[PDB]
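Data first, discussion second: the structure below is written as structure tokens.
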Amino acid sequence: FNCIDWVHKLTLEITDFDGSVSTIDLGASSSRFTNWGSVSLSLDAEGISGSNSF
Amino acid sequence: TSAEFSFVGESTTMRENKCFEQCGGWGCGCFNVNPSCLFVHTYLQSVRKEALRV
Amino acid sequence: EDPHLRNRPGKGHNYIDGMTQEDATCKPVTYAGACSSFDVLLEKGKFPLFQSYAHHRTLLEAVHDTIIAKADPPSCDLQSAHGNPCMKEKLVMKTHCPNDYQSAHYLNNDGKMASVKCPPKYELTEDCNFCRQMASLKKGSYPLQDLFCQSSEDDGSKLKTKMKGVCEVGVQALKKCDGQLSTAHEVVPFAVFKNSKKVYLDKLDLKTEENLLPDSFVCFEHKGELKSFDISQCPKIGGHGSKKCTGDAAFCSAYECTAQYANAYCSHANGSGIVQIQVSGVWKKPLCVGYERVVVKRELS
Amino acid sequence: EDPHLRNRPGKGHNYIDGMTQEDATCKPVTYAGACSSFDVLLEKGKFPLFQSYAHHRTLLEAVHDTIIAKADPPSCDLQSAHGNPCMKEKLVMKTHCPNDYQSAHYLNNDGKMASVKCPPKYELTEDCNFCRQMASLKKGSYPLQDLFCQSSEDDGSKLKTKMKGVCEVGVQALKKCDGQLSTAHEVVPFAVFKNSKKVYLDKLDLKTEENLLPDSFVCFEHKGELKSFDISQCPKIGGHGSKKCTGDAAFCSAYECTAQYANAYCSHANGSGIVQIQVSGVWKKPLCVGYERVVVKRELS
Amino acid sequence: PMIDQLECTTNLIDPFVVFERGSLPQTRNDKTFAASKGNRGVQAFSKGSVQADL
């Protein structure tokens with residue numbers, strides 16, 4: 001396969017208030033679903049451009 | 001022609017009919033959770049008692 | 001869907017206490033006969049979830065197979081004086097019911113067996129919320145839900161309904177909302193675990209696998225149509241039994257294929273046995289999972 | 001031009017011990033009489049190889065011509081006690097038995113000729129394993145392979161099954177696989193040589209050469225298309241014999257043509273000759289090459 | 001084709017040669033491409049800091 005847009009993914013776990021731990025991720029500006037709300041990313045970081053020739 | 005404006009008449013007047021989607025439920029003034037209908041019957045009329053031939 | 005529509009494994013009993021006026025056709029349930037408590041389950045466009053998984057048992061079949069217990073009373077009287085216990089659990093359910101019906105069973109909060117019954121000779125209405133006076137009256141009940149039951153041994157008592165921002169969903173009451181209240185007609189599925197209550201969920205992630213239990217294999221004999229054969233008579237590997245059995249690799253990999261001494265050709269089922277659900281991220285096998293149509297009261301303030 | 005599909009060269013016998021009750025019509029095999037062990041061999045869309053190789057011997061004709069050895073016992077009973085030796089090498093044979101037929105033969109992995117049958121009153125099933133109850137019982141032998149045989153005496157004991165990715169096909173243990181086994185059925189041709197076993201081959205190359213053999217011409221009888229005629233009664237070149245025959249240049253160039261003094265207009269058969277297979281890149285003379293469905297245990301881990 | 005013989009040869013490109021020629025981790029410009037530590041898919045390792053808001 002090939003890459004067209006490198007998404008800044010951050011492996012972020014979520015430890016709830018009771019004690020349960022849920023491991024998820026966040027990329028660019030995506031959202032997830034948890035047992036208490038929704039987590040999302042507001043700002044990315046860096047970014048590799050020009051990957052169509054690989 | 002809207003259902004709430006068919007009793008007015010079909011006179012020769014530059015008129016138009018619009019319908020905007022609004023809110024529903026008991027919080028707005030309805031008994032159903034489905035959105036309500038906003039029947040708008042706009043007609044244009046004259047203002048000045050004289051005209052100009054451009 | 002599933003090809004086995006009328007064939008029911010095991011006992012296949014669909015009769016409740018107080019409405020045993022149809023045991024001539026609903027006991028057992030075969031291709032012939034007009035069972036009023038099973039014909040509406042195979043209707044197109046009504047209960048598709050039951051048509052997706054049809055190789056497992058139903059609610060009443062689970063009650064008769066010592067899987068789901070009964071409530072008290074198991075069959076409420078929807079006409080008796082001084083009120084009745086089965087009233088608030090029915091008025092909160094928005095389900096349509098055809099005419100010429102006398103009973104309508106559903107699932108309560110404790111996961112037991114709650115149902116209503118009209119005294120003879122009364123019938124139901126469009127919303128089947130009350131019995132009215134009087135074609136031919138159906139001698140059975142009407143499934144108020146679209147659920148299917150099976151045999152599972154996975155505990156789930158601590159997995160209570162975690163629906164946030166909802167006052168009273170379905171029948172259960174999460175809290176006592178004293179401020180605002182938003183009543184809407186929304187569809188929410190439900191799931192029942194071992195030693196738990198009617199747990200409601202948002203999404204329904206099913207799972208289809210197989211196992212070694214006899215409920216995952218079918219057999220049929222050859223004689224001069226289709227004739228079913230018992231599955232509990234196939235001997236095990238190195239054990240004992242009754243009549244010999246044989247089949248393909250899927251059947252020989254579980255039991256003992258004798259081939260030359262067999263009496264009926266067995267085949268593998270079309271994906272049945274263990275049906276797990278995805279709850280709390282992990283995979284657990286529920287007992288009686290479904291997809292009903294009730295009224296959900298969410299929050300506002 | 002077009003050769004017939006019923007003119008059996010050589011003896012033309014299709015019967016076996018124990019099920020030889022059809023000797024009144026299958027000995028020999030001609031237009032008169034419906035041989036049960038030959039009607040299914042000419043079904044369109046079932047055995048294309050046997051229809052492509054018309055003037056060629058079969059397994060039974062090879063047995064009667066002292067070409068393929070016989071098993072012991074050649075006719076194993078299915079409903080007999082003390083087990084059944086003719087089941088361990090046949091259970092991994094994916095076959096299909098229709099109806100009416102009571103017995104069925106197959107080419108075992110030992111290069112011999114085995115067969116099974118049901119005692120009265122029983123018939124075959126759909127898996128060709130046990131026996132069931134039913135109309136009429138065709139006392140014969142239903143063929144389960146699409147093989148063609150011929151007369152050859154080429155030794156080939158230094159050639160065995162050397163397939164790639166196959167641990168144990170049928171009952172012959174090939175290479176030692178310490179991992180798991182992939183028990184599954186597929187398609188694969190094979191070829192049996194003289195003084196050897198049933199050698200399985202993944203690929204094969206057929207070669208047909210035209211010669212001046214008596215089994216390479218068809219004759220149309222007439223008064224003096226149309227019907228067939230016995231070619232063994234035609235005289236040879238430079239001599240005489242029983243009756244008289246004539247034909248085109250292909251028939252007159254080998255035998256003697258009497259033109260108007262003949263009784264059958266012969267021609268060249270388009271579908272005969274000596275068929276040779278290419279094994280290990282070396283052209284050899286096979287005996288019976290077939291194409292069935294067996295259970296190949298490939299690799300996995 | 002050789003009358004009776006049939007020698008068929010294909011000049012197929014073996015992907016294992018390219019897979020074993022330049023396999024990750026590899027050094028490309030200032031970044032370092034490597035494998036993943038969770039979900040399936042190729043990732044990239046940077047040498048900068050973390051500037052993001054959750």
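Chain lettering (A, B, ...) mirrors the order of the structure tokens, residue numbering begins at 1 for each chain separately, and ligand numbering begins at 1 in order of display.
For stretch 109-121 of chain C, the list of residues within 8 Å, based on only C-alpha atoms and with local chain neighbours fewer than 5 positions off taken out, reads residues 18, 19, 63, 68, 69, 70, 71, 72, 73, 74, 75, 76, 77, 78, 79, 86, 102, 103, 104, 131, 133, 134, 171, 172, 192, 196, 197 and 198 of chain C.
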So that each row is one residue of chain A with an atom at most 9 Å from chain C, can you give its shortest atom pair and the distance in Å to one decimal, using only C-alpha atoms, rows by chain and rising number, as a Markdown table?
```
| residue | atom | partner | partner_atom | distance |
| --- | --- | --- | --- | --- |
| A:22 | CA | C:281 | CA | 8.9 |
| A:35 | CA | C:162 | CA | 7.8 |
| A:36 | CA | C:164 | CA | 8.1 |
```
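Taking only stretch 13-129 of chain C, the residues that DSSP calls strand (DSSP E or B) from the backbone come to residues 57, 75, 103, 104, 105, 106, 114, 115, 116, 117, 122 and 123 of chain C.
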Would you write out, as a tab-separated table, a table of all residues in chain A that have an atom no more than 6 Å from an atom of chain E, listing for each the closest atom pair and the distance in Å to one decimal, considering only C-alpha atoms and ordering rows by chain and rising residue number?
```
residue	atom	partner	partner_atom	distance
A:41	CA	E:54	CA	5.0
A:42	CA	E:53	CA	5.4
A:43	CA	E:52	CA	5.0
A:44	CA	E:52	CA	5.7
A:45	CA	E:51	CA	5.8
```
Residues of chain C that have any atom at most 9 Å from an atom of chain B: could you tabulate them with the shortest-distance atom pair and the distance in Å to one decimal, using only C-alpha atoms, ordered by chain and increasing number, as a Markdown table?
```
| residue | atom | partner | partner_atom | distance |
| --- | --- | --- | --- | --- |
| C:182 | CA | B:26 | CA | 8.3 |
| C:183 | CA | B:33 | CA | 8.3 |
| C:184 | CA | B:33 | CA | 6.3 |
| C:185 | CA | B:33 | CA | 8.0 |
```
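Overlaying the C-alpha atoms of chain D on those of chain C by least squares yields an RMSD of 2.4 Å.
Ranking D:159, D:264, D:295, D:204 by their shortest atom-to-atom distance to chain C, with only C-alpha atoms included, puts D:295 first.
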At a cut-off of 8 Å, which residues of chain C touch chain D? Count only C-alpha atoms and give the answer as a PyMOL selection string. chain C and resi 222-224+249+259-263+265
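Within 12 Å of residue D:279, once only C-alpha atoms are used and residues closer than 3 positions along the same chain are dropped, the contacting residues are residues 156, 158, 159, 160, 161, 162, 163, 189, 190, 191, 192, 193, 199, 200, 201, 202, 203, 204, 205, 206, 207, 276, 282, 283, 284, 285, 286 and 289 of chain D.
Of the listed residues (C:153, C:100, C:221, C:168), C:221 comes nearest to residue C:246; the distances count only C-alpha atoms.
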Residues near stretch 57-62 of chain D, anyone? I mean within 7 Å using only C-alpha atoms, not counting same-chain ones fewer than 3 positions away, as a PyMOL selection string. chain D and resi 9+12-15+65-68+147-150
Can you write out the residues you just picked, keeping N, CA, C and O atoms, as a tab-separated table (two decimals), in the first residue's frame?
```tsv
chain	number	residue	atom	x	y	z
D	9	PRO	N	-14.38	-51.75	-27.30
D	9	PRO	CA	-13.36	-52.63	-27.88
D	9	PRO	C	-13.03	-53.79	-26.95
D	9	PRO	O	-13.30	-53.77	-25.75
D	12	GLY	N	-15.63	-56.22	-24.01
D	12	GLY	CA	-16.83	-55.45	-23.77
D	12	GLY	C	-17.67	-55.94	-22.62
D	12	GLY	O	-18.91	-55.87	-22.68
D	13	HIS	N	-17.04	-56.46	-21.57
D	13	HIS	CA	-17.75	-56.98	-20.41
D	13	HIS	C	-17.69	-55.97	-19.27
D	13	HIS	O	-16.64	-55.39	-18.98
D	14	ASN	N	-18.84	-55.76	-18.60
D	14	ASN	CA	-18.96	-54.82	-17.49
D	14	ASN	C	-19.74	-55.51	-16.37
D	14	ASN	O	-20.93	-55.24	-16.17
D	15	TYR	N	-19.07	-56.40	-15.64
D	15	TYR	CA	-19.68	-57.08	-14.51
D	15	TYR	C	-18.58	-57.51	-13.55
D	15	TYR	O	-17.41	-57.62	-13.92
D	65	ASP	N	-9.73	-58.24	-18.62
D	65	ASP	CA	-8.64	-58.45	-19.56
D	65	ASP	C	-7.30	-58.70	-18.87
D	65	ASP	O	-6.25	-58.62	-19.51
D	66	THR	N	-7.33	-59.01	-17.57
D	66	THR	CA	-6.13	-59.29	-16.78
D	66	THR	C	-5.13	-58.14	-16.88
D	66	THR	O	-3.95	-58.32	-17.20
D	67	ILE	N	-5.60	-56.93	-16.59
D	67	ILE	CA	-4.78	-55.73	-16.59
D	67	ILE	C	-4.67	-55.13	-15.19
D	67	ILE	O	-3.57	-54.85	-14.71
D	68	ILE	N	-5.80	-54.94	-14.52
D	68	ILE	CA	-5.85	-54.41	-13.16
D	68	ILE	C	-6.15	-55.56	-12.21
D	68	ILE	O	-7.08	-56.34	-12.45
D	147	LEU	N	-12.44	-42.59	-15.22
D	147	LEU	CA	-11.15	-43.10	-15.65
D	147	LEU	C	-11.28	-43.85	-16.97
D	147	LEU	O	-12.36	-44.31	-17.34
D	148	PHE	N	-10.16	-43.96	-17.67
D	148	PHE	CA	-10.07	-44.70	-18.92
D	148	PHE	C	-8.88	-45.65	-18.85
D	148	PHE	O	-7.81	-45.27	-18.36
D	149	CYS	N	-9.06	-46.87	-19.34
D	149	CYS	CA	-8.03	-47.89	-19.28
D	149	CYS	C	-7.68	-48.37	-20.68
D	149	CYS	O	-8.41	-48.14	-21.65
D	150	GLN	N	-6.54	-49.05	-20.77
D	150	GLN	CA	-6.05	-49.58	-22.04
D	150	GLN	C	-5.14	-50.76	-21.74
D	150	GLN	O	-4.91	-51.12	-20.58
```
If you take only C-alpha atoms and a cut-off of 12 Å, which residues of chain E touch chain D, and what are their nearest atom pairs and distances in Å to one decimal, in chain and number order, as a tab-separated table?
```
residue	atom	partner	partner_atom	distance
E:3	CA	D:207	CA	10.3
E:4	CA	D:207	CA	7.2
E:5	CA	D:205	CA	8.7
E:6	CA	D:205	CA	9.0
E:7	CA	D:281	CA	10.5
```
Based on DSSP run over this structure's backbone, return all residues of stretch 8-255 of chain C in helix (DSSP H, G or I), as an NGL selection string. :C and (23-26 or 40-42 or 48-52 or 59-64 or 88-91 or 214-216 or 249-252)
